[PDB]
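Engineer: Protein chains in written order, with full-length UniProt numbering: chain A, 848 to 896; chain B, 180 to 181, 203 to 497, 504 to 594; chain C, 2 to 36, 46 to 67, 74 to 261, 269 to 286; chain D, 5 to 125; chain E, 249 to 396, 409 to 594; chain F, 51 to 99; chain G, 359 to 422; chain H, 223 to 423.
Dumping the structure here so I can ask a few things about it.
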RNA sequence: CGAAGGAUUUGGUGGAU
């Protein structure tokens with residue numbers, strides 16, 4: 848066993864995540880009226896996920 | 180005037217730097233690439249044709265070039281001078297692909313295989329002092345297929361892998377070739393004997409090799425072959441090349457290349473048996489410019511990269527499998543670097559000012575994060591990734 | 002340019018230590034001049059570089081840009097000990113007399129070390145020394161009493177007094193070589209300069225100005241001012257025969280070249 | 005996908021998608037269900053290619069009714085994404101039509117595939 | 249960080265400016281206990297960063313200085329918010345400055361006959377224009393390139421004013437560089453032409469004709485290439501010297517051209533007819549040339565610690581000067 | 051008032067225009083500078099001018 | 359919107375006309391309606407006239 | 223909109239994070255929930271030092287009283303740890319942070335957090351929290367066994383937990399729950415356990 | 001042609017006029 852093996856193991860372990868782009872949250876304003884705060888945060892998380 | 205809730209306010213006051221230092225991080229940034237250009241590899245002794253193939257030595261700091269000039273020029277890449285170690289002109293033998301080979305058991309054994317649109321292959325033994333001190337080169341010609349001449353018309357497309365003869369536990373190299381009708385011919389690297397042959401339906405377009413470790417000192421070599429339609433075959437070369445898996449590339453059509461990365465491969469060869477690792481990535485090119493990326497850990507691609515609008519001519523991963531470099535020979539400056547597993551193309555590099563020409567060869571150094579890109583004008587340009 | 006970044010013969014002249022770059026990592030190798047060794051020390055970091063290379067009577077002292085000095089044993093092929101200065105400024109020069117070991121940083125701070133004890137004895141900075149790229153310790157008896165230091169001009173400094181003693185008008189460009197040919201005659205050369213100024217330590221007057229055909233890279237002296245060999249930037253070797261005997272400016276007597284049979 | 009019929013086999017799908025690529029280069033290809041509908045009305049279609057995985061499949065089932073009335077061959081391919089890339093666009097395509105041109109440079113290839121589709125029907 | 253300067257704003261706003269040896273200048277709001285803005289790398293860290301930064305008494309202007317031979321002024325513009333101006337603070341804005349070379353100049357030249365300006369090159373890879381009048385004006389030549409980091413330090417420079425404002429009128433040679441770059445006084449920017457030695461050598465000499473139509477480049481390999489300033493196109497190439505060409509000069513009449521090299525020969529050419537009028541060998545290698553056009557005399561600094569004056573008309577040594585004890589760095593004609 | 055080697059120079063802060071210069075070069079480099087209305091105190095070696 | 363709405367009408371209409379086992383719910387139409395509304399929202403959110411930006415005059419400052 | 227411009231994002235750090243601190247301070251749960259939305263988005267857009275993340279935890283947990291804020295906060299804490307991609311990404315929480323977290327989130331709560339199938343990716347935080355338990359709480363070694371079963375952790379993360387548990391056996395007395403944790407690792411991926419033992423002892 | 005993009009417009013300051 849060697850350190851570079853551990854480094855490549857750590858590299859393999861890391862997983863992708865959904866990046867935030869310019870046009871990700873623009874639609875929020877469309878459905879921003881009469882919406883509960885918790886639901887708004889849940890939608891933000893859903894887009895982020 | 181003269203856990204606490206105000207912790208966040210205080211820490212902001214302490215520092216005006218809020219981006220975490222990338223020096224500590226072992227994972228390269230997703231969208232920003234720190235890349236610096238160095239001296240060209242071919243500057244010292246220019247080539248007279250397009251750079252058809254590029255290959256770094258597995259351990260030594262050498263770069264091998266080939267082309268229709270029929271010369272195997274070997275350069276000592278230091279990044280500042282890049283002088284030429286040796287040259288070997290092969291009369292009447294255009295070079296479509298060349299590669300170093302180091303025996304996995306006998307580290308002292310080094311060898312170069314070169315092939316072209318001919319019915320023979322050349323092997324150049326670099327062991328001991330043959331590379332530099334010797335006045336003459338020890339060259340052998342492989343021209344015998346042992347009854348299978350009809351399947352093979354040219355040695356031009358070949359790759360070299362390691363096969364472990366399980367019943368004896370001995371490990372030796374194999375030379376893989378492309379046949380006329382889905383035929384893959386496998387030869388012994390040293391003796392040249394025909395070991396086995398693999399057949400797929402349709403026209404063979406490209407193939408690649410994947411290693412799956414079994415136990416201490418045991419590993420199996422898998423041959424992955426793909427058809428123009430996109431059907432992928434996986435043969436087990438340790439069991440007479442019998443099919444073990446069949447699947448199709450989702451949305452695949454006009455496939456052109458296939459590659460694996462994240463473990464041992466021709467670009468990232470091993471030095472001992474324990475260094476053998478399984479590849480976690482698989483990329484499938486196409487004429488349309490799409491590159492479906494698959495996670496080896504019917505399959506559904508993780509991403510469908512579509513930045514290039516021309517046929518994919520080179521697909522290659524970094525030795526650690528964190529960058530995928532996809533390039534096309536159809537047009538100029540058709541090269542992109544894709545960050546894995548984010549599958550996001552780097553934006554800062556290449557630029558309109560980056561000189562690449564008609565990219566026709568790409569190579570990642572086994573270590574040091576150097577990238578060499580050859581073009582149709584015969585120039586091998588060298589870049590360094592500062593993260594490595 | 003030459004692939005060999007730095008080189009230095011051993012005092013006997015039988016072994017040459019050279020540092021070269023493999024991909025992005027510098028590797029240090031040693032070869033036997035009188036007559046192949048495949049074993050090189052490899053610097054594990056791309057940033058790390060060797061600034062100084064000095065033989066020890074079988075160990076070699078390697079100055080590094082990290083701000084620390086490595087003691088390397090060629091036989092074992094491992095760094096036996098590392099001398100670390102408190103600061104992080106690159107070492108500009110290194111010189112040795114027995115146990116004495118003197119280095120200078122980019123911050124113009126002198127340091128003293130003992131090989132036997134592996135300890136930092138003293139560190140000091142002398143005013144009127146705005147740069148320091150070269151350090152030479154005079155062969156005075158068996159102990160160090162004064163030091164020759166040059167950046168663009170040359171200065172003599174007394175260790176006990178911790179002050180300059182004399183100043184020599186040096187070259188315009190940074191000083192590249194500051195070897196002491198004999199007592200009270202030491203030669204000096206500069207980057208991209210074809211002229212070597214021989215100065216008198218006690219008097220301070222330019223005894224002679226030796227001139228090479230092209231820019232000078234390395235300098236070797238034979239015996240006691242008997243003969244001086246200078247490697248020119250064009251790749252030729254010029255020899256000065258008895259340079260310490269019109270009189271002001273002298274030219275090399277013998278020129279040596281290497282050319283292949285092809286040309 | 006029982007409604008999709010006839011569904012071309014793996015061997016025939018590659019031949020169809022091969023002709024589609026050539027037609028796209030020669031500007032002899034009309035992409036989309038709506039243009040494919042038009043080509044039937046104008047009687048300039050050699051044959052129609054449809055994607056079986058389109059969901060809901062119904063948005064292209066009107067073409068068989070038009071094709072049978074006009075006596076134009078039609079065939080289903082398994083994947084719309086594959087049809088899209090063959091067409092030469094960055095978006096999935098559910099239907100396509102090969103425009104008639106007796107002076108085309110790929111005329112022999114179109115008729116060969118057209119005959120195979122006719123046998124299939 | 250290490251504090252190098254401190255100052256308070258006396259304009260009625262509780263602002264504290266903190267200068268650091270790293271070259272940073274930070275501003276804090278004492279009332280609000282917050283950072284307003286930070287100015288990064290205003291002065292070089294290698295030269296002590298911000299040696300001194302002072303708020304002027306009762307004004308929003310702060311003067312900054314350092315060891316890099318630069319003095320800058322920054323202004324805090326009025327807040328652009330009608331209310332809560334203290335919260336909305338405009339960042340400091342560059343106002344004016346003066347400066348100079350950060351390292352000793354390597355080459356100098358007088359720009360014009362009137363002697364109102366001088367060109368200066370330094371080891372900091374910059375070419376500067378300094379006025380010799382009380383205005384003390386100083387301007388760095390723009391290095392932004394034409395299309396059809410700083411350049412290496414200048415080792416040689418030539419300038420003419422016959423065609424100033426028409427096309428490029430300066431030729432500069434760079435260290436370890438195989439071509440020479442052109443500049444323009446009137447635009448105060450780098451030119452659009454590059455002159456190559458064409459023999460795989462480094463540029464050791466640069467010269468210009470009085471008419472301003474020709475530029476001469478001497479390579480380290482002994483070849484003299486002649487370009488045209490207007491089009492930057494190679495016209496002729498003389499090959500007499502085998503060692504480096506250390507000096508090129510042309511007479512006011514554009515007829516007789518003189519060259520010298522480390523090989524010790526002084527070559528005389530007929531520029532109009534392109535013929536070798538004569539060749540004169542000196543005892544020692546020649547290091548530099550200065551040509552006096554009115555008298556047609558040129559002096560040569562020889563390796564033997566002498567200055568040899570030669571008349572181009574008769575191609576003979578007229579005066580030889582002795583006395584220097586070491587290498588002659590530079591010399592000029594009255 | 052800015053020190054220049056062995057001499058000091060006075061600039062108008064409104065325009066950074068040079069106003070005055072020291073008539074003579076001090077025997078030693080100036081170490082400190084203090085300015086008070088029309089009088090500037092220059093310090094060098096063991097003398098204050 | 360007419361071009362977009364007509365295209366989505368054909369999708370919904372063809373689902374209705376050629377269905378062997380359509381549920382009487384309008385689910386395809388409802389999802390098509392959401393697409394047209396989303397197209398309308400972004401299209402209507404567009405501002406043809408260029409937005410003017412905060413003018414920042416570097417007004418001359420003379421000391422007092 | 224400023225995602226591409228990294229420099230502009232850095233200038234946005236002092237302002238919006240400061241606002242988040244003020245919003246967290248407000249006793250209104252809606253303000254705290256709003257602060258959570260800003261923090262989670264900003265962490266994804268721009269990586270930050272772990273110290274900033276840890277300081278953000280202290281502010282979030284200091285004034286966490288509303289149940290709705292507690293639910294949103296727990297999701298926020300896990301997401302911030304996901305953004306962390308340096309050495310110490312899964313290191314144990316500080317003692318003060320560990321004590322604060324358990325008080326505002328009982329261990330039974332996180333088991334319910336892990337119980338639901340639609341849980342977000344939280345392996346780095348759980349790896350950090352798991353190492354926090356072993357260092358500071360000995361009675362909780364049993365709850366660790368349940369936590370590992372509920373959530374799959376990345377291979378290197380499992381190695382780090384094994385690495386600490388080896389030290390626990392040497393220092394802490396052998397326990398049925400402690401050996402049971404080992405036996406759990408014996409059952410799953412036996413070979414990797416030997417590598418940790420080989421490297422450590 | 002081409003080392004970490006290219007074109008057009010524009011505010012302010014500094015220097016001459």
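C-beta atoms are modelled at their ideal positions from N, C-alpha and C, and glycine is treated no differently.
#1: Can you list the residues of chain H that residue 220 of chain B reaches, using a CB-CB cut of under 7 Å?
#2: State yes or no: is the beta carbon of residue 390 of chain G nearer than 7 Å to at least one beta carbon in chain A?
#3: Assuming residue 436 of chain E contacts residue 412 of chain E (C-beta within less than 8 Å), just tell me the rounded distance between them.
#4: For a cutoff of 7 Å on Cβ pairs, would you count residue 292 of chain E as touching chain C?
#5: Which one of C:207, C:130, C:198 has the shortest CA to CA distance from residue 243 of chain C?
#6: Which residue wins for smallest C-alpha separation from residue 502 of chain B, given the options B:389, B:553, B:351, B:522?
#7: For residue 896 of chain A, which residues from the same chain have a beta carbon less than 7 Å from its beta carbon, with the 5 sequence-adjacent residues on both sides left out?
#8: The UniProt repeat "WD 7" (295-347) of chain E: which residues have C-beta closer than 8 Å to a C-beta of chain G, in chain order?
#9: Which same chain residues, not among the five before or five after residue 84 of chain C, have their C-beta less than 7 Å away from its C-beta?
#10: Ends of the beta strand (DSSP E) at residue 58 of chain C?
#11: Give the list of continuous alpha helix (DSSP H) stretches no shorter than 4 residues that lie fully inside the UniProt repeat "WD 8" (354-388) of chain E.
#12: Any idea if residue 447 of chain B is buried or exposed, counting beta-carbon neighbours within 10 angstroms, 16 or more meaning buried?
#13: Could you check what DSSP says for residue 559 of chain E in three-state terms: helix, strand or coil?
#14: Give the range of the beta strand (DSSP E) segment to which residue 298 of chain B is assigned.
#15: Whole angstroms is fine: what's the gap from residue 588 of chain E's alpha carbon to residue 183 of chain C's?
#16: Can you find the residues in the same chain that come closer than 7 Å, C-beta to C-beta, to residue 500 of chain B, ignoring five residues on each side of it along the sequence?
#17: If we cut at 7 Å on Cβ distances, does residue 383 of chain G have a partner in chain A?
#18: Report the option in G:421, G:409, G:367, G:407 whose CA atom is closest to the CA atom of residue 389 of chain G.
#19: In chain order, which continuous runs of the alpha helix (DSSP H) of length 4 or greater are located wholly inside the stretch 297-361 of chain B?
#20: Please report the straight-line C-alpha distance between residue 61 of chain D and residue 582 of chain B, rounded to a whole angstrom.
#21: Quick check on this structure: which residue in C:146, C:112, C:122 has the alpha carbon closest to the alpha carbon of residue 155 of chain C?
#22: Give me the subset of the UniProt repeat "WD 8" (354-388) of chain E whose CB atoms are less than 7 Å from a CB atom of chain F, sorted by chain position.
#23: Exposed or buried, which one is residue 311 of chain B when buried takes at least 16 other CB atoms within 10 Å?
#24: With C-beta atoms as the reference, is residue 270 of chain B less than 7 Å away from residue 245 of chain B?
#25: Would the stretch 187-194 of chain C and the stretch 566-580 of chain E be scored as touching if the rule is three or more Cβ pairs under 8 Å?
#26: Pairing CB atoms from the stretch 547-554 of chain E with CB atoms from the stretch 502-515 of chain E, are three or more of them under 8 Å?
#27: Run through chain C and tell me which residues come within less than 8 Å of residue 585 of chain E, C-beta to C-beta.
#28: Out of B:550, B:397, B:293, which has the shortest C-alpha to C-alpha gap to residue 341 of chain B?
#29: List the residues of chain G whose Cβ lies closer than 7 Å to the Cβ of residue 82 of chain D, in chain order.
#30: Helix, strand or coil for residue 547 of chain E, going by three-state DSSP, please let me know.
#31: Between which two residues does the beta strand (DSSP E) containing residue 378 of chain B stretch?
#32: Please report whether the beta-carbon of residue 268 of chain B lies at a distance below 7 Å from any beta-carbon of chain E.
Structural biologist: Answer, in terms of the structure:
#1: 269, 270, 271, 308
#2: no
#3: That pair is a contact at about 6 Å.
#4: no
#5: C:198
#6: Residue 502 of chain B cannot be placed in this structure, since chain B goes from 497 to 504 without the numbers between.
#7: Its chain contains 865 as the residues whose beta carbon lies nearer than 7 Å to that of residue 896 of chain A, once the 5 sequence neighbours on both sides are disregarded; these appear in chain order.
#8: Look at the UniProt repeat "WD 7" (295-347) of chain E: the residues with a C-beta under 8 Å from a C-beta of chain G are 304, 306, 307, 308, 309, 323, 325, 328, 341, 343.
#9: 98, 99, 100, 101
#10: Segment: none, residue 58 of chain C is in no beta strand (DSSP E) and carries neither H nor E.
#11: DSSP runs (the alpha helix (DSSP H)) wholly in the UniProt repeat "WD 8" (354-388) of chain E: none.
#12: Around the C-beta of residue 447 of chain B, fewer than 16 other C-beta atoms lie within 10 Å, and the residue is accordingly described as exposed.
#13: strand
#14: In this chain, the beta strand (DSSP E) harbouring residue 298 of chain B covers 297-302.
#15: 20 Å
#16: For residue 500 of chain B, nothing is modelled; it lies in the interval where chain B passes from 497 to 504 with no residues in between.
#17: Chain A contact via Cβ: absent.
#18: For residue 389 of chain G, the nearest C-alpha among the options comes from G:367.
#19: none
#20: 47 Å
#21: C:112
#22: 382, 384
#23: buried
#24: No, Cβ-Cβ distance for residue 270 of chain B and residue 245 of chain B is not below 7 Å.
#25: Under the Cβ criterion (8 Å, minimum of three pairs), the stretch 187-194 of chain C does not count as touching the stretch 566-580 of chain E.
#26: yes
#27: 222, 271
#28: B:293
#29: Result: empty, since nearest Cβ-Cβ is about 21 Å, beyond 7 Å.
#30: Residue state, collapsed to three classes: strand.
#31: Counting along the chain, the beta strand (DSSP E) containing residue 378 of chain B begins and ends at 370-378.
#32: Cβ-Cβ to chain E under 7 Å: no for residue 268 of chain B.
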